[PDB]
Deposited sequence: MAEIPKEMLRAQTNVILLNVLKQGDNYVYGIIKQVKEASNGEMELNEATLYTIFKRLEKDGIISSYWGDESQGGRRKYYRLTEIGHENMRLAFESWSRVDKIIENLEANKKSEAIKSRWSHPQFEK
């Protein structure tokens, strides 16, 4: 399901930036390692996602020191992540209660 995959990719990318500002190739490498090789993201996929996140004010970009484009979570992006994490956590506990 394409839109769920995009949702999953967005969550992963935001959690990478939560660990620290990063650039596209560094993010790909980190996600490849964290997924034991099972998730090899494409440069162009990240550009597509980051254009939307920047438009929405969730992340911002800035140049490093061949200069790399770095991305950072914004203050709004951090707050949105925390709200999402807390509400999905409540969902998890609801589902836990529905089973046993």
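Peer 1: What are the missing stretches of the deposited sequence, listed from start to end?
Peer 2: Several regions go unmodelled: 1-4, 70-73, 109-126.
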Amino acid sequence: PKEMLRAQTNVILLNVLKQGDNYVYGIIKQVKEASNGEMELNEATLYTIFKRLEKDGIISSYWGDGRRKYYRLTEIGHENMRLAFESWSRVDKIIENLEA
From here on, numbers count along this sequence of modelled residues.
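Peer 1: 9-17 versus 78-86: which one carries the higher mean Cα B factor per the record?
Peer 2: Comparing 78-86 with 9-17, the higher mean C-alpha B-factor belongs to 78-86.
Peer 1: Looking only at CA atoms, which has the higher mean B factor in the entry: 21-29 or 87-95?
Peer 2: The recorded data point to 87-95.
Peer 1: Ranking the modelled residues of this chain by C-alpha B-factor as given in the entry, is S35 in the lowest, middle or highest third?
Peer 2: As the PDB entry reports it, the C-alpha B-factor of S35 lands in the middle third of its chain.
Peer 1: When the modelled residues of the chain are sorted by Cα temperature factor, does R72 land in the lowest, middle or highest third?
Peer 2: Ranked within chain, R72 CA B lands in the lowest tercile.
Peer 1: If you rank the chain by CA B-factor, which third does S61 end up in: lowest, middle or highest?
Peer 2: It belongs to the lowest third of the chain when residues are ordered by C-alpha B-factor.
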